[PDB]
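Asker: When you get a sec, could you give me coordinates for this:
(one chain, ligands or ions: 3)
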Amino acid sequence: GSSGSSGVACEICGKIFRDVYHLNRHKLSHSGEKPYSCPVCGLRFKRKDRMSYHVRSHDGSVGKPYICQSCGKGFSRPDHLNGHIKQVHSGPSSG
Ligand SMILES: [Zn+2]
Ligand SMILES: [Zn+2]
Ligand SMILES: [Zn+2]
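Answerer: Numbering: from 1, shown residues only. Ligands and ions are numbered 1, 2, ... in the order given. Pasting the structure now:
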């Protein structure tokens with residue numbers, strides 16, 4: 001480095017500016033999530049082949065209202081979940 005001067009630091013990319021004015025015009029040039037950016041992370045991609053594997057990779061969704069406490073699948077109704085917990089899960093050494 002060897003460059004520890006007094007200035008500002010962009011809170012988007014991390015670029016340093018000798019003054020604030022030069023940074024004022026930069027913030028305006030910055031893009032707002034595009035063309036293909038992640039709604040979760042925030043990164044920006046210039047391809048649909050990447051963002052597609054990036055977004056899905058996270059899988060942001062719940063689906064059903066109630067979900068198991070183990071496999072966390074999801075059932076339309078509550079009673080349906082009660083039967084699963086006892087069907088698949090719930091099975092101690094004793095009985
Ligand atoms: Zn910036
Ligand atoms: Zn992401
Ligand atoms: Zn389960």
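
Asker: What residues does the protein have near ligand 3?
Answerer: Neighbours of ligand 3 within the chain, by C-beta under 5 Å from the ion: 68, 70, 71. Placement of C-beta: from N, CA and C, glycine included.

Asker: what's the closest of these to residue 52?
Answerer: Relative to residue 52, the closest of the residues of the chain next to ligand 3 is residue 71; by C-beta to C-beta it sits at 26.0 Å.

Asker: so what's the closest one closest to, chain neighbours aside?
Answerer: Counting by C-beta to C-beta, 6 or more residues apart in numbering, residue 88 is the residue found nearest to residue 71 once chain neighbours are left out, at 7.2 Å.

Asker: ditto for residue 35
Answerer: Per C-beta to C-beta, 6+ apart, closest to residue 35 is residue 46, 6.2 Å.

Asker: Test my guess that that neighbour contacts residue 36.
Answerer: Yes: the pair residue 46 and residue 36 passes the contact test of C-beta atoms under 8 Å, sitting 7.1 Å apart.
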